């Protein structure tokens, strides 16, 4: 009822889907139906893929600097529409305006900016073999690739995925989550306005079981990049493999440790603790959801953590003074409620919240109190499993080696971090932790330059940094024989 019915974006304009079917997008701050959103048919996919083939041709026939200028011109617009975009993402996701205005488009574009400047730096190798022969390599685009996004940072992830793919000279078809489809359509508009050729960035709306699956199976898509949960990642990765051997990147979940050592400043430690857990209503995949403190310091540190959780400003995401909103959807609110009832039953001590909050307006939304449990153990459902909502488990320990031992004991391997003032301990410990994203006296900063991804079952491949751009090309080796050819026959 609130916004007009959303169409598929294919070949540089909106087109009518050919399914007959729609879904609704719902503002989770207060249940308001934000839009009717068309669902792509299997033949819509065929059409988007044929569009991308003919478009990729156009874009890759440009010189590298012509592609860099078009991408930079898309970065200018994103800076220019920062606020109007952040307004939309907030209605779509329930995330506070104080974060969307300041992070989502700001880091989305930071990454696109970084890669736009690197287009001319994509190079191959030359290797001499003998006087009469040498080899050179070319790094070529994959062709049409496909991205499949999450609902927690919708426009940002849409940028972090398509920035490298387009910079590497690929056409991308993107599928936003059914939960949050709005700003990805806006990104498509913008890119077209930048001069990005028709077909180079198509968007298909719908569900993971339908349009997602049809994207992983399509014989003419050369790579799948996916962001989301581990159990889904497995199905997604198996589908791309068994259909046509696609190249893949997966950014998945984690249950990341944070080790406070006994020499840490505890004020620092608590700030890091609270920042690692409550930002975006605990809806960040890298969150430091397992907090280790020394036994000799659990009382003091539990003091400072409650002190700070007490003053989180829960409120309207629309409000400028809000720093904590609702969760992305109601379905997801009761998934989190289901872990908090799990923690309670398992004798885990509750230190604050745990209860859905409805006073005045709050009841028309999906609001959960920031929740903290303490005196936890390793076999607890809340300690072993990923929650994806504002729930912090706190664990006591007696020595360094034990803390590291326990930090590593997981199928997960996304992030990890340490709080100490000692040079030796800081490096020594971090070298021993099994995560791809490691922090020393900080948490959460993710620079365009820093490769990020998971160890173990949190990922395959990486995002950001120079490495990620390379992995959106394919290597062709060329051997040039300048002398005689010898045959045995």
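Residue numbers count along the first chain shown, from 1.
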Got a sec? Mean C-alpha B-factor, which is higher, 311-319 or 352-360? 352-360
Check the entry's C-alpha temperature factors for 96-104 and 111-119, then say which stretch has the higher mean. 96-104
If you check the C-alpha B-factor for each of 478, 466, 475, 15 in the entry, which is highest? 15
Which one of 137, 132, 170, 346 shows the top CA temperature factor in the record? 346
Binned into thirds over the chain's modelled residues, the C-alpha B-factor of residue 1 lands in the highest
Rank-wise, by C-alpha B-factor, drop residue 292 into the lowest, middle or highest third of its chain. lowest
Splitting the chain's C-alpha B-factors into thirds, which one does residue 42 fall into? highest
Lowest, middle or highest third - CA B-factor, residue 152: highest
Place residue 262 in the lowest, middle or highest third of its chain's C-alpha B-factors, as listed in the PDB entry. highest
